[PDB]
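Consider the single chain below, provided in structure tokens and representing the form deposited in one PDB entry.
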């Protein structure tokens, strides 16, 4: 009524209101004596605002609800600023470009939450540069527009859509640590032509509480999103590192596991091919003209686009995950064409309001009987370390209903990025399978070229003539009758003597003599060894040995025969069971199996694959590995009619004996055998010593280890007419290695391995006798008095070699 007079007289109004008003009030007003706080109404408005703000603070304290608290602030701010309405514009980031969408629109001092809350399907999303709301967010600074008609950045799209007119706009972003959360805006000043300076000063200061709510709401959203990202990376790593699997199994496990944190109604993963080039018989129809060249989409790597398998995850309603090999182009996931486009370009695609999209043919309506309509889509490529796309992951219909924002974009991108690097595990898995298959093929090729065939076994075991049947069909009694007639007797060749010579027998007779050795030990009967298998195994070992100068099949029977002689003629069997003797003689056969002709040192220097695989005792472990592999074959397994405990004991015994042949290992443990033989003199008689020694396991293993060494160097203990020739074979093999070292390794060989210093051989033999063979046979002769012929013969051979070295030394001095 009289408002115009009061406006025309600001001084009178200030003076009148500054008067102290009576104790009487209007309505309640929480009058705890507050009529005169330097103004009649100042306390009344202070009390009302303090009470109103306190209620807002209580709302923030429990069950944080930004929409309601901001609504109350905006509703109160509408009366404060006299703006016809207020609004809230949330900030979102999609595809790397910022957008702003409405959450609370056209709030009035007499409005309610239901009439102001904007559902996600009714959002007016505003890019950063198509409105004043965009200009405020881009500048990160408040904007006060007195009249909007002349505003360069204004767009009438929103006010024409809602049938409204705007004249003055206030807006400021709600920053949170340099990041924009939202921008509250008030429009249409109802009282004045525009918004004054004091009106705007209130807008900044009164909005601190609204800033706090959005700061709390933003932090809670960020905290929850980062928590979910940490879980998916942790769960994916757990499933990826579970084992080595192909792409399909590894990707299926990871995506299925993290289905809880994704918050997507549906998502499908399509796997791309990796065939870089087609084979020739597929190129011929294209080049000749029988078929047309492929002209469809291609990867950035220049690869044909073909999803050979699409995995479908359905999380809305019922969980019925499907895997579709060779999916058709009519598949609901691939029909839209977005998974295709992502693979062509390698982009990250975020789609809001999918039915309104134009480039991608998204389905018009429901997909299945459940009436599920695709609304928001997010697709990214799965790229490995070599910058190649191996698949496309596409997520649909965020569970909350809001479009896929930046936080969801980085959550799924991290999952795909981690899984992309995990492709190296699949590539390693494929390579390992290829290596294993290639090794098995090579092993089979080894076995055939080494195993005795059907026609070769007839030389030792003729059954097609005596009986007319193949050996696999003859009974064991018949086979023994054939062998007993064919095999040489114990007296035909002196296999029982320390002076046995193998230079007057053919290789076939050596194999036969080997079979005779097993028969004399009695191991054929008690262990029920298949006689056909025994012959086949012995021939296979003979073929397994190479055709080199010294480390040939002949060395491997002489060591075996010497071990047989030691057990039976040296009477060292008293400490060993028949089974232990059975394994001990066999280790003599495989003592130098597949020896390449070069010592252990040459393997390391030449960097053979043997050196990398073993490291210590390179060749000795190689012989054990090859011998056990040869024994693992069914047709060559003499250790087949044995108990599991017995078979393991035989294998374990073979491991020590084979590796004990290494001279480096012998030199470090020969003192232990010196202690053991000294303990023999402590005892009274051999009977007591036999009883004590036959029970101790480590002591028996130590003696057997140097029993390998004694048999290994047994060639020296042979008579001089044999040692002289064998030493030449040993020297020739070492010269062959010496020539090899000079050729490829380009290293000067030692005088022992040098062909030029061949005249020094007698001196080297004497030094080697006085270094290694002296200890082994001296202690064994002291240990067992039956080994004395091995020691006397060595001394005679040392005397013969000493004379030759002296004669060579005299010739050199005479020449000098």
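Numbering follows the first chain given and starts at 1. Shifts are known only where both forms have a C-alpha. C-alpha atoms forming the largest set that superposes within 1.5 Å between two forms make up the rigid core.
Not on display, but discussed next: the form deposited in another entry.
- Sole residue of 786, 67, 31, 770 shifting 2 angstroms or more in CA between the shown form and the other one, core aligned: Only 31 moves by 2 Å or more at its C-alpha.
- Item | Shift of residue 40 between the shown form and the other one at or above 2 Å (CA, core fit) | Superposed on the core, residue 40 moves its C-alpha 2 Å or more between the shown form and the other one.
- Per-residue C-alpha change between the shown form and the other one, residue 799, threshold 2 Å, rigid core fit: Comparing forms between the shown form and the other one, the residue 799 CA shifts below 2 Å.
- Query: Which residue ranges, three or more long, have every Cα moving by 2 Å or more between the shown form and the other one relative to the rigid core?
  - Reply: Only one moving run appears between the shown form and the other one, namely 12 to 40.
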